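Engineer: So here's input-v4.cif, just mmCIF, C-alpha atoms and all ligand atoms:
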data_final
loop_
_atom_site.group_PDB
_atom_site.id
_atom_site.type_symbol
_atom_site.label_atom_id
_atom_site.label_comp_id
_atom_site.auth_asym_id
_atom_site.auth_seq_id
_atom_site.Cartn_x
_atom_site.Cartn_y
_atom_site.Cartn_z
ATOM 1 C CA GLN Z 141 -13.985 20.427 46.199
ATOM 2 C CA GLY Z 142 -16.225 17.320 46.141
ATOM 3 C CA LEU Z 143 -13.471 14.920 45.210
ATOM 4 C CA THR Z 144 -12.670 11.683 46.983
ATOM 5 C CA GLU Z 145 -9.317 11.336 48.695
ATOM 6 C CA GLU Z 146 -8.213 9.035 45.880
ATOM 7 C CA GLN Z 147 -9.146 11.703 43.341
ATOM 8 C CA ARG Z 148 -7.261 14.422 45.209
ATOM 9 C CA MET Z 149 -4.319 12.036 45.440
ATOM 10 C CA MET Z 150 -4.471 11.543 41.677
ATOM 11 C CA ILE Z 151 -4.389 15.280 40.933
ATOM 12 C CA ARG Z 152 -1.602 15.923 43.462
ATOM 13 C CA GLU Z 153 0.645 13.286 41.895
ATOM 14 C CA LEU Z 154 0.019 14.627 38.378
ATOM 15 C CA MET Z 155 0.653 18.212 39.453
ATOM 16 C CA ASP Z 156 3.828 17.018 41.190
ATOM 17 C CA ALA Z 157 5.134 15.248 38.100
ATOM 18 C CA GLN Z 158 4.313 18.308 35.988
ATOM 19 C CA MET Z 159 6.114 20.648 38.381
ATOM 20 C CA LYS Z 160 9.199 18.453 38.312
ATOM 21 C CA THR Z 161 9.453 17.911 34.560
ATOM 22 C CA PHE Z 162 7.985 20.909 32.705
ATOM 23 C CA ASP Z 163 10.665 23.591 32.283
ATOM 24 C CA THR Z 164 8.165 26.400 31.788
ATOM 25 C CA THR Z 165 10.903 28.985 31.190
ATOM 26 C CA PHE Z 166 12.928 26.704 28.865
ATOM 27 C CA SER Z 167 16.071 27.502 30.884
ATOM 28 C CA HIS Z 168 17.691 24.166 30.019
ATOM 29 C CA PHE Z 169 17.016 24.173 26.259
ATOM 30 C CA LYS Z 170 20.544 24.984 25.030
ATOM 31 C CA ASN Z 171 23.005 24.112 22.220
ATOM 32 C CA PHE Z 172 20.290 24.003 19.554
ATOM 33 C CA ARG Z 173 20.911 24.463 15.854
ATOM 34 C CA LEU Z 174 19.677 27.599 14.035
ATOM 35 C CA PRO Z 175 19.038 28.448 10.381
ATOM 36 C CA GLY Z 176 22.337 29.333 8.737
ATOM 37 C CA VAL Z 177 23.816 32.716 7.872
ATOM 38 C CA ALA Z 196 8.290 14.250 -7.632
ATOM 39 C CA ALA Z 197 4.687 14.650 -6.572
ATOM 40 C CA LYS Z 198 6.071 13.471 -3.238
ATOM 41 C CA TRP Z 199 7.726 16.878 -3.492
ATOM 42 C CA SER Z 200 4.806 19.257 -4.076
ATOM 43 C CA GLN Z 201 3.374 17.358 -1.103
ATOM 44 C CA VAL Z 202 6.414 17.952 1.129
ATOM 45 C CA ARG Z 203 6.380 21.596 0.026
ATOM 46 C CA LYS Z 204 2.662 21.568 0.857
ATOM 47 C CA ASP Z 205 3.510 19.940 4.194
ATOM 48 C CA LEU Z 206 6.199 22.452 5.174
ATOM 49 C CA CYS Z 207 4.713 25.872 4.325
ATOM 50 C CA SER Z 208 1.624 25.138 6.459
ATOM 51 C CA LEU Z 209 3.521 26.608 9.450
ATOM 52 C CA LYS Z 210 5.517 29.814 8.791
ATOM 53 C CA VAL Z 211 6.917 31.452 11.923
ATOM 54 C CA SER Z 212 9.458 34.098 12.717
ATOM 55 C CA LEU Z 213 11.917 33.381 15.494
ATOM 56 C CA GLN Z 214 13.116 35.672 18.275
ATOM 57 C CA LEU Z 215 15.979 35.140 20.745
ATOM 58 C CA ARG Z 216 16.382 37.447 23.747
ATOM 59 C CA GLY Z 217 19.885 37.640 25.126
ATOM 60 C CA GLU Z 218 20.691 37.445 28.837
ATOM 61 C CA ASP Z 219 22.172 40.933 28.238
ATOM 62 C CA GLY Z 220 19.220 42.651 26.537
ATOM 63 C CA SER Z 221 20.210 42.079 22.907
ATOM 64 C CA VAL Z 222 17.689 40.516 20.513
ATOM 65 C CA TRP Z 223 18.363 38.219 17.558
ATOM 66 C CA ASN Z 224 15.462 37.918 15.130
ATOM 67 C CA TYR Z 225 14.816 35.579 12.210
ATOM 68 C CA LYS Z 226 12.309 36.107 9.362
ATOM 69 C CA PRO Z 227 12.105 33.084 7.019
ATOM 70 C CA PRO Z 228 12.402 32.828 3.229
ATOM 71 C CA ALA Z 229 9.489 32.850 0.844
ATOM 72 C CA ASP Z 230 8.981 29.506 -0.884
ATOM 73 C CA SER Z 231 11.105 29.455 -4.063
ATOM 74 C CA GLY Z 232 11.042 25.829 -5.283
ATOM 75 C CA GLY Z 233 14.292 24.622 -3.685
ATOM 76 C CA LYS Z 234 15.930 23.459 -0.413
ATOM 77 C CA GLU Z 235 15.157 26.799 1.473
ATOM 78 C CA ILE Z 236 12.065 25.259 3.119
ATOM 79 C CA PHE Z 237 14.447 22.934 5.011
ATOM 80 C CA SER Z 238 16.457 25.591 6.858
ATOM 81 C CA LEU Z 239 14.276 25.448 9.988
ATOM 82 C CA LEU Z 240 14.061 21.622 10.350
ATOM 83 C CA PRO Z 241 17.197 21.067 12.495
ATOM 84 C CA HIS Z 242 15.973 23.634 15.025
ATOM 85 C CA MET Z 243 12.469 22.101 15.111
ATOM 86 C CA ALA Z 244 14.093 18.727 15.745
ATOM 87 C CA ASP Z 245 16.215 20.027 18.618
ATOM 88 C CA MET Z 246 13.156 21.649 20.232
ATOM 89 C CA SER Z 247 11.000 18.546 19.684
ATOM 90 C CA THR Z 248 13.710 16.434 21.274
ATOM 91 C CA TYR Z 249 13.987 18.728 24.305
ATOM 92 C CA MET Z 250 10.189 18.614 24.766
ATOM 93 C CA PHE Z 251 10.152 14.837 24.361
ATOM 94 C CA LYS Z 252 12.628 14.416 27.215
ATOM 95 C CA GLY Z 253 10.447 16.412 29.603
ATOM 96 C CA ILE Z 254 7.454 14.315 28.512
ATOM 97 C CA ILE Z 255 9.333 11.048 29.114
ATOM 98 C CA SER Z 256 10.390 12.260 32.576
ATOM 99 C CA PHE Z 257 6.780 13.233 33.289
ATOM 100 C CA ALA Z 258 5.550 9.679 32.587
ATOM 101 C CA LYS Z 259 8.375 8.069 34.605
ATOM 102 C CA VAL Z 260 7.448 10.014 37.759
ATOM 103 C CA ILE Z 261 3.800 8.805 37.619
ATOM 104 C CA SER Z 262 3.174 5.728 39.785
ATOM 105 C CA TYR Z 263 0.384 4.332 37.574
ATOM 106 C CA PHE Z 264 2.797 4.553 34.632
ATOM 107 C CA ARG Z 265 5.692 2.917 36.513
ATOM 108 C CA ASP Z 266 3.521 -0.034 37.506
ATOM 109 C CA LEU Z 267 2.903 -0.924 33.909
ATOM 110 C CA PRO Z 268 5.094 -3.485 32.122
ATOM 111 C CA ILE Z 269 7.996 -1.823 30.367
ATOM 112 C CA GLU Z 270 6.828 -2.823 26.883
ATOM 113 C CA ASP Z 271 3.608 -0.905 27.490
ATOM 114 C CA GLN Z 272 5.370 2.127 28.928
ATOM 115 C CA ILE Z 273 7.187 2.265 25.586
ATOM 116 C CA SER Z 274 4.092 1.667 23.446
ATOM 117 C CA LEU Z 275 2.215 4.398 25.370
ATOM 118 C CA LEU Z 276 5.075 6.928 25.150
ATOM 119 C CA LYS Z 277 5.393 6.287 21.405
ATOM 120 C CA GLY Z 278 1.653 6.900 21.112
ATOM 121 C CA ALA Z 279 1.250 10.092 23.150
ATOM 122 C CA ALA Z 280 4.589 12.005 23.186
ATOM 123 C CA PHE Z 281 3.482 14.312 20.348
ATOM 124 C CA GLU Z 282 0.088 14.960 21.972
ATOM 125 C CA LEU Z 283 1.547 15.738 25.391
ATOM 126 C CA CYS Z 284 4.010 18.121 23.763
ATOM 127 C CA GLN Z 285 1.163 19.923 21.991
ATOM 128 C CA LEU Z 286 -0.734 20.148 25.291
ATOM 129 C CA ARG Z 287 2.334 21.602 27.047
ATOM 130 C CA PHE Z 288 2.899 24.066 24.190
ATOM 131 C CA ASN Z 289 -0.655 25.416 24.523
ATOM 132 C CA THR Z 290 0.090 26.709 28.037
ATOM 133 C CA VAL Z 291 2.840 29.025 26.685
ATOM 134 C CA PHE Z 292 0.756 30.051 23.623
ATOM 135 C CA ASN Z 293 -0.389 33.687 23.405
ATOM 136 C CA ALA Z 294 -3.524 33.730 21.290
ATOM 137 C CA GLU Z 295 -3.783 37.521 21.201
ATOM 138 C CA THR Z 296 -0.368 37.799 19.485
ATOM 139 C CA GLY Z 297 -0.090 34.405 17.737
ATOM 140 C CA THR Z 298 3.033 33.596 19.739
ATOM 141 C CA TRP Z 299 4.500 30.617 21.555
ATOM 142 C CA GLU Z 300 6.438 32.293 24.383
ATOM 143 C CA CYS Z 301 9.153 29.823 25.426
ATOM 144 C CA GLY Z 302 11.284 31.763 27.844
ATOM 145 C CA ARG Z 303 14.088 33.693 26.106
ATOM 146 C CA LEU Z 304 12.670 32.512 22.877
ATOM 147 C CA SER Z 305 9.529 33.288 20.848
ATOM 148 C CA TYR Z 306 7.847 31.678 17.827
ATOM 149 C CA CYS Z 307 5.533 34.214 16.209
ATOM 150 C CA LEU Z 308 3.089 33.298 13.467
ATOM 151 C CA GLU Z 309 3.794 35.236 10.281
ATOM 152 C CA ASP Z 310 1.127 37.058 8.240
ATOM 153 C CA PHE Z 315 -5.108 36.012 9.058
ATOM 154 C CA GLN Z 316 -8.186 33.856 9.396
ATOM 155 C CA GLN Z 317 -6.935 31.609 6.596
ATOM 156 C CA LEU Z 318 -4.337 30.739 9.257
ATOM 157 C CA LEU Z 319 -7.009 29.096 11.448
ATOM 158 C CA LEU Z 320 -7.677 26.669 8.608
ATOM 159 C CA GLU Z 321 -4.505 24.811 9.589
ATOM 160 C CA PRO Z 322 -5.856 22.189 12.042
ATOM 161 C CA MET Z 323 -2.866 22.366 14.376
ATOM 162 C CA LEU Z 324 -3.398 26.119 14.612
ATOM 163 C CA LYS Z 325 -7.168 25.858 15.038
ATOM 164 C CA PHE Z 326 -6.589 23.381 17.857
ATOM 165 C CA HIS Z 327 -4.278 25.765 19.751
ATOM 166 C CA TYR Z 328 -6.675 28.727 19.477
ATOM 167 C CA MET Z 329 -9.700 26.665 20.475
ATOM 168 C CA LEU Z 330 -7.949 24.978 23.418
ATOM 169 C CA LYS Z 331 -6.739 28.384 24.628
ATOM 170 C CA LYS Z 332 -10.253 29.860 24.525
ATOM 171 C CA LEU Z 333 -11.488 27.317 27.099
ATOM 172 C CA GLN Z 334 -9.226 29.001 29.708
ATOM 173 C CA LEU Z 335 -8.273 25.774 31.434
ATOM 174 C CA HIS Z 336 -6.642 25.473 34.869
ATOM 175 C CA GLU Z 337 -3.258 23.843 35.431
ATOM 176 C CA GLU Z 338 -5.078 20.853 36.949
ATOM 177 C CA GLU Z 339 -7.192 20.355 33.816
ATOM 178 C CA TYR Z 340 -4.152 20.425 31.501
ATOM 179 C CA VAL Z 341 -2.348 17.724 33.489
ATOM 180 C CA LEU Z 342 -5.480 15.529 33.595
ATOM 181 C CA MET Z 343 -5.653 15.964 29.810
ATOM 182 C CA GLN Z 344 -2.042 14.752 29.640
ATOM 183 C CA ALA Z 345 -2.918 11.706 31.759
ATOM 184 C CA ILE Z 346 -5.993 10.765 29.728
ATOM 185 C CA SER Z 347 -4.035 10.958 26.470
ATOM 186 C CA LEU Z 348 -0.948 9.174 27.852
ATOM 187 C CA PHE Z 349 -3.084 6.287 29.194
ATOM 188 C CA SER Z 350 -4.851 5.564 25.903
ATOM 189 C CA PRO Z 351 -5.645 1.827 25.769
ATOM 190 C CA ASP Z 352 -5.690 1.667 21.935
ATOM 191 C CA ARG Z 353 -2.201 2.669 21.010
ATOM 192 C CA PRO Z 354 -0.285 0.269 18.734
ATOM 193 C CA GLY Z 355 1.345 -2.512 20.728
ATOM 194 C CA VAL Z 356 -0.363 -2.014 24.084
ATOM 195 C CA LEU Z 357 -0.671 -5.325 25.921
ATOM 196 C CA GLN Z 358 -2.401 -4.394 29.200
ATOM 197 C CA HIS Z 359 -5.417 -3.056 27.270
ATOM 198 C CA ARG Z 360 -7.833 -3.525 30.186
ATOM 199 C CA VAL Z 361 -5.523 -1.991 32.808
ATOM 200 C CA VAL Z 362 -4.701 1.086 30.748
ATOM 201 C CA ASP Z 363 -8.408 1.506 29.942
ATOM 202 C CA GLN Z 364 -9.435 1.445 33.597
ATOM 203 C CA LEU Z 365 -6.710 3.953 34.481
ATOM 204 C CA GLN Z 366 -7.941 6.205 31.675
ATOM 205 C CA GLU Z 367 -11.517 6.031 32.928
ATOM 206 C CA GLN Z 368 -10.363 7.068 36.408
ATOM 207 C CA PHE Z 369 -8.417 10.061 35.062
ATOM 208 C CA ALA Z 370 -11.467 11.096 33.042
ATOM 209 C CA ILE Z 371 -13.818 10.635 36.025
ATOM 210 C CA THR Z 372 -11.513 12.795 38.150
ATOM 211 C CA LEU Z 373 -11.597 15.534 35.509
ATOM 212 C CA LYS Z 374 -15.392 15.478 35.177
ATOM 213 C CA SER Z 375 -15.601 15.644 38.987
ATOM 214 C CA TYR Z 376 -13.037 18.457 39.232
ATOM 215 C CA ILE Z 377 -15.027 20.523 36.733
ATOM 216 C CA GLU Z 378 -18.335 19.940 38.530
ATOM 217 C CA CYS Z 379 -16.802 20.973 41.853
ATOM 218 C CA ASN Z 380 -14.877 24.101 40.806
ATOM 219 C CA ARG Z 381 -16.618 25.608 37.737
ATOM 220 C CA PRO Z 382 -20.338 26.352 38.247
ATOM 221 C CA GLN Z 383 -20.602 29.167 35.680
ATOM 222 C CA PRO Z 384 -22.963 28.906 32.680
ATOM 223 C CA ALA Z 385 -19.813 29.519 30.622
ATOM 224 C CA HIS Z 386 -18.375 26.114 31.600
ATOM 225 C CA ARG Z 387 -21.469 24.069 30.877
ATOM 226 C CA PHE Z 388 -20.422 20.966 28.921
ATOM 227 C CA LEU Z 389 -16.755 21.954 29.524
ATOM 228 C CA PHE Z 390 -15.824 18.335 30.294
ATOM 229 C CA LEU Z 391 -17.298 17.233 26.949
ATOM 230 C CA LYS Z 392 -15.573 20.010 24.992
ATOM 231 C CA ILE Z 393 -12.279 18.809 26.510
ATOM 232 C CA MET Z 394 -12.946 15.206 25.449
ATOM 233 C CA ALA Z 395 -13.751 16.407 21.919
ATOM 234 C CA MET Z 396 -10.457 18.342 21.774
ATOM 235 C CA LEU Z 397 -8.598 15.210 22.851
ATOM 236 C CA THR Z 398 -10.234 13.391 19.931
ATOM 237 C CA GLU Z 399 -9.221 16.089 17.474
ATOM 238 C CA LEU Z 400 -5.720 16.054 18.935
ATOM 239 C CA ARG Z 401 -5.325 12.342 18.230
ATOM 240 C CA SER Z 402 -6.342 13.010 14.633
ATOM 241 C CA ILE Z 403 -3.856 15.886 14.296
ATOM 242 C CA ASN Z 404 -1.336 13.484 15.828
ATOM 243 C CA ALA Z 405 -1.844 10.928 13.062
ATOM 244 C CA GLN Z 406 -1.755 13.571 10.299
ATOM 245 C CA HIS Z 407 1.467 15.095 11.605
ATOM 246 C CA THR Z 408 3.140 11.666 11.907
ATOM 247 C CA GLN Z 409 2.589 10.784 8.234
ATOM 248 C CA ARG Z 410 3.773 14.249 7.277
ATOM 249 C CA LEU Z 411 6.965 13.956 9.342
ATOM 250 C CA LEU Z 412 7.717 10.551 7.795
ATOM 251 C CA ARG Z 413 7.242 11.914 4.268
ATOM 252 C CA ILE Z 414 9.687 14.773 4.899
ATOM 253 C CA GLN Z 415 12.136 12.396 6.612
ATOM 254 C CA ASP Z 416 11.863 10.082 3.611
ATOM 255 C CA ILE Z 417 13.337 12.727 1.282
ATOM 256 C CA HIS Z 418 15.299 14.990 3.678
ATOM 257 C CA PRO Z 419 16.497 13.336 6.904
ATOM 258 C CA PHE Z 420 16.358 15.523 9.982
ATOM 259 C CA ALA Z 421 15.058 13.367 12.859
ATOM 260 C CA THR Z 422 17.280 13.020 15.921
ATOM 261 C CA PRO Z 423 18.024 9.631 17.512
ATOM 262 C CA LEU Z 424 15.235 10.162 20.066
ATOM 263 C CA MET Z 425 12.724 11.072 17.357
ATOM 264 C CA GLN Z 426 13.737 7.943 15.406
ATOM 265 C CA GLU Z 427 13.045 5.786 18.488
ATOM 266 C CA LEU Z 428 9.629 7.353 19.103
ATOM 267 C CA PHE Z 429 8.597 7.129 15.439
ATOM 268 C CA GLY Z 430 9.820 3.537 14.978
ATOM 269 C CA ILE Z 431 12.810 4.293 12.675
ATOM 270 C CA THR Z 432 15.516 1.615 12.996
ATOM 271 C CA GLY Z 433 18.569 3.100 11.244
ATOM 272 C CA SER Z 434 18.577 0.493 8.440
HETATM 273 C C1 LIG Z 501 6.941 26.695 19.789
HETATM 274 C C2 LIG Z 501 6.525 25.500 18.965
HETATM 275 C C3 LIG Z 501 5.051 25.404 18.957
HETATM 276 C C4 LIG Z 501 4.630 24.300 18.101
HETATM 277 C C5 LIG Z 501 3.157 24.185 18.202
HETATM 278 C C6 LIG Z 501 2.554 23.633 16.952
HETATM 279 O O1 LIG Z 501 3.331 22.587 16.490
HETATM 280 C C7 LIG Z 501 2.425 24.726 15.937
HETATM 281 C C8 LIG Z 501 3.368 24.619 14.811
HETATM 282 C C9 LIG Z 501 4.216 25.852 14.826
HETATM 283 C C10 LIG Z 501 5.660 25.453 14.819
HETATM 284 C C11 LIG Z 501 6.530 26.606 15.175
HETATM 285 C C12 LIG Z 501 7.850 26.214 15.077
HETATM 286 C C13 LIG Z 501 8.417 26.357 13.838
HETATM 287 C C14 LIG Z 501 9.719 25.994 13.584
HETATM 288 O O2 LIG Z 501 10.241 26.144 12.366
HETATM 289 C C15 LIG Z 501 10.503 25.485 14.568
HETATM 290 C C16 LIG Z 501 9.943 25.344 15.789
HETATM 291 O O3 LIG Z 501 10.692 24.860 16.759
HETATM 292 C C17 LIG Z 501 8.638 25.684 16.100
HETATM 293 C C18 LIG Z 501 8.217 25.481 17.409
HETATM 294 O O4 LIG Z 501 9.020 25.094 18.237
HETATM 295 O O5 LIG Z 501 6.928 25.736 17.681
#
What does the file become when written as structure tokens?
Ligand SMILES: C[C@H]1CCC[C@H](O)CCCCCc2cc(O)cc(O)c2C(=O)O1
Structural biologist:
Amino acid sequence: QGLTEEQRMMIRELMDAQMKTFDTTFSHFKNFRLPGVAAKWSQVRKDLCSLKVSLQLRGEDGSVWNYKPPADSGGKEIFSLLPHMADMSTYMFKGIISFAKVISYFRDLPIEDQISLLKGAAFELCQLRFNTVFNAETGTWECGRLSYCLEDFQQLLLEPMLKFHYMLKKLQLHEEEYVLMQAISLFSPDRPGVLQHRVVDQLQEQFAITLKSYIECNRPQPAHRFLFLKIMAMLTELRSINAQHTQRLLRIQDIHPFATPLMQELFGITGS
């Protein structure tokens, strides 16, 4: 530990906010919907089938419910999982909003910038949180009583969202590094509508400096050489994935509405 007291303060506050707002066992994700018991269109079908997962639900009693999805057959069967995705996204978004609200640097910003920043980074922070429950040996997001398994190989790693999760997992990051990644991405001075550009940008530079310093003080191994720079590269990829997934959500929403009120707020949809 070769960190200043201000740096150690910074990490402690981020770890504290994370502890208070990340429900790592997904105990409070309840009441969710489940799948039941024209070139815009080949595109939306292209958009959807890029992520095919089976779904598993462990009962508090030992029973297991298990869902294998339909093959693509040219109709509305690719839409059966969207309400559940939306309920999960919404649940994750709430934890992310609570995370920002606990952070002092975030609270001190004007409220119009708090909103602009949350709109910009919510998806990225959710992806970063999801990577900590991702099991790269089994292709599985383990969310408590609830598992999302990738369905059958290396063609799968061609999907950028999936390549990002495998690569980020291989770096074997600490809890401290994940939360500093959340901070850096949350405090991004160039999101649409940010007014305090210079303030946000100085905050960002401090969170990045803390992370570089944390790595230099606690990871001397030749396996973590350039680790800080690999992390910054992943954050750049993640912002690109973020933009690609936003256009792809809006295309689907344009022809089959599914977004919850909170998703509409975050993605700028007004209800008219
Ligand atoms: C566990 C989470 C990881 C998303 C990570 C990345 O977004 C990977 C994309 C995999 C999405 C898996 C998934 C499919 C689905 O139909 C409904 C869902 O709620 C999820 C889902 O919640 O995936």
Engineer: Edge lengths and centre in Å to one decimal, as lines of an AutoDock Vina configuration file, of the axis-aligned box that encloses all listed atoms of ligand LIG 501 (chain Z) with 8 Å added on every side?
Structural biologist:
center_x = 6.6
center_y = 24.6
center_z = 16.1
size_x = 24.3
size_y = 20.1
size_z = 23.4
Engineer: Fewer than 5 positions away in the same chain doesn't count, so skip those; otherwise give me all residues within 9 Å of stretch 391-406 of chain Z, counting all atoms listed in the file, as a compact mmCIF listing (two decimals) with C-alpha atoms, keeping the file's coordinate frame.
Structural biologist:
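Saved to part_23.txt:
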# COMPACT_ATOMS: atom_id res chain seq x y z
CA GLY Z 278 1.65 6.90 21.11
CA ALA Z 279 1.25 10.09 23.15
CA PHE Z 281 3.48 14.31 20.35
CA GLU Z 282 0.09 14.96 21.97
CA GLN Z 285 1.16 19.92 21.99
CA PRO Z 322 -5.86 22.19 12.04
CA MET Z 323 -2.87 22.37 14.38
CA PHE Z 326 -6.59 23.38 17.86
CA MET Z 329 -9.70 26.66 20.48
CA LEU Z 330 -7.95 24.98 23.42
CA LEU Z 333 -11.49 27.32 27.10
CA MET Z 343 -5.65 15.96 29.81
CA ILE Z 346 -5.99 10.76 29.73
CA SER Z 347 -4.04 10.96 26.47
CA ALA Z 370 -11.47 11.10 33.04
CA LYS Z 374 -15.39 15.48 35.18
CA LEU Z 411 6.96 13.96 9.34
Engineer: From the set Z:306, Z:292, Z:315, Z:376, which residue has the shortest atom-to-atom contact distance to residue Z:327, counting only C-alpha atoms?
Structural biologist: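 Of the candidates, the smallest distance to residue Z:327 is held by Z:292.
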Engineer: What would the selection look like, as a ChimeraX atom specification, if the PyMOL selection byres (((chain Z and resi 229) around 12) and not hetatm) were run on the coordinates I just shared?
Structural biologist: /Z:203,206-207,210-212,226-228,230-238,309-310
Engineer: At a cut-off of 8 Å around ligand LIG 501 (chain Z), and using all atoms listed in the file, what residues come up? Please write them as number ranges by chain.
Structural biologist: Z: 209-213, 239-240, 242-247, 285, 288-289, 292, 298-301, 305-308, 323-324, 327
Engineer: Could you turn the residues from that selection into a file that holds C-alpha atoms, as a PDB file, keeping the file's coordinate frame?
Structural biologist:
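For reference, result.pdb as written:
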ATOM      1  CA  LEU Z 209       3.521  26.608   9.450  1.00  0.00           C
ATOM      2  CA  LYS Z 210       5.517  29.814   8.791  1.00  0.00           C
ATOM      3  CA  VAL Z 211       6.917  31.452  11.923  1.00  0.00           C
ATOM      4  CA  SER Z 212       9.458  34.098  12.717  1.00  0.00           C
ATOM      5  CA  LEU Z 213      11.917  33.381  15.494  1.00  0.00           C
ATOM      6  CA  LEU Z 239      14.276  25.448   9.988  1.00  0.00           C
ATOM      7  CA  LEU Z 240      14.061  21.622  10.350  1.00  0.00           C
ATOM      8  CA  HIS Z 242      15.973  23.634  15.025  1.00  0.00           C
ATOM      9  CA  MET Z 243      12.469  22.101  15.111  1.00  0.00           C
ATOM     10  CA  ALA Z 244      14.093  18.727  15.745  1.00  0.00           C
ATOM     11  CA  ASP Z 245      16.215  20.027  18.618  1.00  0.00           C
ATOM     12  CA  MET Z 246      13.156  21.649  20.232  1.00  0.00           C
ATOM     13  CA  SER Z 247      11.000  18.546  19.684  1.00  0.00           C
ATOM     14  CA  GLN Z 285       1.163  19.923  21.991  1.00  0.00           C
ATOM     15  CA  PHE Z 288       2.899  24.066  24.190  1.00  0.00           C
ATOM     16  CA  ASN Z 289      -0.655  25.416  24.523  1.00  0.00           C
ATOM     17  CA  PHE Z 292       0.756  30.051  23.623  1.00  0.00           C
ATOM     18  CA  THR Z 298       3.033  33.596  19.739  1.00  0.00           C
ATOM     19  CA  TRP Z 299       4.500  30.617  21.555  1.00  0.00           C
ATOM     20  CA  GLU Z 300       6.438  32.293  24.383  1.00  0.00           C
ATOM     21  CA  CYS Z 301       9.153  29.823  25.426  1.00  0.00           C
ATOM     22  CA  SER Z 305       9.529  33.288  20.848  1.00  0.00           C
ATOM     23  CA  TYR Z 306       7.847  31.678  17.827  1.00  0.00           C
ATOM     24  CA  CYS Z 307       5.533  34.214  16.209  1.00  0.00           C
ATOM     25  CA  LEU Z 308       3.089  33.298  13.467  1.00  0.00           C
ATOM     26  CA  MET Z 323      -2.866  22.366  14.376  1.00  0.00           C
ATOM     27  CA  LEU Z 324      -3.398  26.119  14.612  1.00  0.00           C
ATOM     28  CA  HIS Z 327      -4.278  25.765  19.751  1.00  0.00           C
TER      29      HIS Z 327
END
Engineer: Find, counting all atoms listed in the file, the residue in Z:225, Z:429, Z:369, Z:169 that gets nearest to residue Z:344.
Structural biologist: Z:369
Engineer: At a cut-off of 7 Å, using all atoms listed in the file, what residues contact residue Z:349? Leave out same-chain residues fewer than 4 positions from it and give the result as a ChimeraX atom specification.
Structural biologist: /Z:275,345,362,365-366
Engineer: Please compute the atom CA of residue Z:241-atom CA of residue Z:422 distance, one decimal, in Å.
Structural biologist: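 For atom CA of residue Z:241 relative to atom CA of residue Z:422, the distance reads 8.7 Å.
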Engineer: Could you jot down the atom CA of residue Z:147 to atom CA of residue Z:159 separation for me, Å, one decimal place?
Structural biologist: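 Atom CA of residue Z:147 sits 18.4 Å away from atom CA of residue Z:159.
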Engineer: When distances are computed from all atoms listed in the file, which of Z:156, Z:218, Z:205, Z:271 shows the smallest separation from residue Z:415?
Structural biologist: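 Between Z:156, Z:218, Z:205, Z:271, the residue approaching residue Z:415 most closely is Z:205.
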Engineer: Which one is closest to residue Z:144: Z:265, Z:368, Z:434, Z:410? Count only C-alpha atoms.
Structural biologist: Z:368
Engineer: Suppose you want the space between atom CA of residue Z:155 and atom CA of residue Z:408; what is it in Å?
Structural biologist: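 Atom CA of residue Z:408 lies at a distance of 28.4 Å from atom CA of residue Z:155.
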Engineer: With the PyMOL selection byres (((chain Z and resi 166) around 9) and not hetatm) as the selection, what would be picked from this file? Answer as a list in words, please.
Structural biologist: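 That expression, the PyMOL selection byres (((chain Z and resi 166) around 9) and not hetatm), corresponds here to residues 162, 163, 164, 165, 167, 168, 169, 170, 301, 302, 303 and 304 of chain Z.
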Engineer: Counting only C-alpha atoms, figure out which residue out of Z:431, Z:254, Z:357, Z:414 gets nearest to residue Z:276.
Structural biologist: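 Smallest distance to residue Z:276 is found for Z:254.
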Engineer: For each of Z:420, Z:331, Z:325, Z:267, take the minimum atom-to-atom distance to residue Z:291, counting all atoms listed in the file, then give the residue where this is smallest.
Structural biologist: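 Nearest to residue Z:291: Z:331.
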Engineer: When the PyMOL selection byres (((chain Z and resi 151) around 9) and not hetatm) is applied to the file above, which residues end up in the set, as a ChimeraX atom specification?
Structural biologist: /Z:146-150,152-156,338,341-342,369,372
Engineer: Near residue Z:157, counting only C-alpha atoms, which residues have an atom at most 9 Å away, once you skip same-chain residues fewer than 4 positions from it, shown as a PDB file with C-alpha atoms, keeping the file's coordinate frame?
Structural biologist:
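Saved as around14.pdb:
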ATOM      1  CA  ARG Z 152      -1.602  15.923  43.462  1.00  0.00           C
ATOM      2  CA  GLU Z 153       0.645  13.286  41.895  1.00  0.00           C
ATOM      3  CA  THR Z 161       9.453  17.911  34.560  1.00  0.00           C
ATOM      4  CA  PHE Z 162       7.985  20.909  32.705  1.00  0.00           C
ATOM      5  CA  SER Z 256      10.390  12.260  32.576  1.00  0.00           C
ATOM      6  CA  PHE Z 257       6.780  13.233  33.289  1.00  0.00           C
ATOM      7  CA  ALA Z 258       5.550   9.679  32.587  1.00  0.00           C
ATOM      8  CA  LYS Z 259       8.375   8.069  34.605  1.00  0.00           C
ATOM      9  CA  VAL Z 260       7.448  10.014  37.759  1.00  0.00           C
ATOM     10  CA  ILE Z 261       3.800   8.805  37.619  1.00  0.00           C
TER      11      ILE Z 261
END
